[PDB]
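The chain that follows stands alone, in the form deposited in one PDB entry, written as structure tokens.
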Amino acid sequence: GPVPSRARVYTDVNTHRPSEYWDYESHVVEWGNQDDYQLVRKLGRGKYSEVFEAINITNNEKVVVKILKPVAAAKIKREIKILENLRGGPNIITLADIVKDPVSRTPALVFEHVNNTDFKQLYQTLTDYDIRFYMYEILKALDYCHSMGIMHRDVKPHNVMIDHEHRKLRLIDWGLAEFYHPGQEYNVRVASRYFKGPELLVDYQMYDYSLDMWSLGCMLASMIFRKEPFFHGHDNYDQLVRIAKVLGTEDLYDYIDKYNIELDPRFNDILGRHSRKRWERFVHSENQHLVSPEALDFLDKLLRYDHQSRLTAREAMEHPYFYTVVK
């Protein structure tokens, strides 16, 4: 059987919490008044939800309304509990209300308003300084939820809202989030395929907060190397092959040997052998302005097969990549 694994930080935070903190199934949903909101314009969507800019008529304030489709609606208690637990934390989206549409029986989550800057245009414009600044903002959100015994499990650009005018960031869409309990075996079918950590791709269920740190490295790699997504797999097996063509197979087999992981028996024909690529092969004239030895050293410390060997969110914040960021 596989060798067990525990987080190297915030391991015991949920054991010292009363059961009401993490036992989301026992939480009672206090439903607000849906007549308190007027839908103004669509901001965007997801496979799980329809997102709108709205007005809260009880205080004439702009709000964000997330209408949950049945897939997202199934896990509402867990999403609500996690949002309530993290409310007020650094760069965490603020849940303002929970409502239901009498006509369709569909629920919706109401959030604080975020004046979001263009998604497909933020990726193209952020300077070297901006990337460092915003990465540090994400790390504040990640260290916070991890410290509160929660794994986001869906870190990607679509789940990060940026108000570039006010240089404000929010870590959003906590629908896939989970409470970390040491020794617990989690479902690996979490997050987008592109941002999945190798622990998920190899069916290593006993994962932890470090999964978010892999996803954060995928984001950074994509940004500095101007390749979106950075690991573009066709399916879950191929996703690991894409990772292996950059990180090499040798470190991958050391990882599976360390935890005694069993791969599919056709593993040698699917994965084969691949050498570790040097980060310099991804550095060209058009992206060299985003690359520094500190960016590469930081990246290398996030994109590690061994989930126990990646920087934690707090250690990532001490990295020299962030020295030039005004604090």
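Numbers for residues come from their place in the sequence shown, where the first is 1. Whichever C-alpha set is largest while still superposing within 1.5 Å between the two forms counts as the rigid core.
Keep in mind that the form deposited in another entry is not shown, yet the notes after this line are about it.
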Relative to the superposed core, which single residue of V283, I270, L296, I57 shows a CA shift of 2 Å or more between this form and the one not shown? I270
Taking 2 Å as the cut-off, check whether the CA of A73 shifts that much or more between this form and the one not shown after a rigid core fit. yes
Is it true that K258 shifts between this form and the one not shown by 2 Å or more at the Cα, once the core is aligned? no
Can you tell whether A74 sits closer to or farther from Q184 in that other deposited form than it does here, judged by CA atoms, where the change is 3 Å or more? closer
Out of closer and farther, which fits the Cα atoms of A73 and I93 in that other deposited form compared with this form, where the change is 3 Å or more? farther
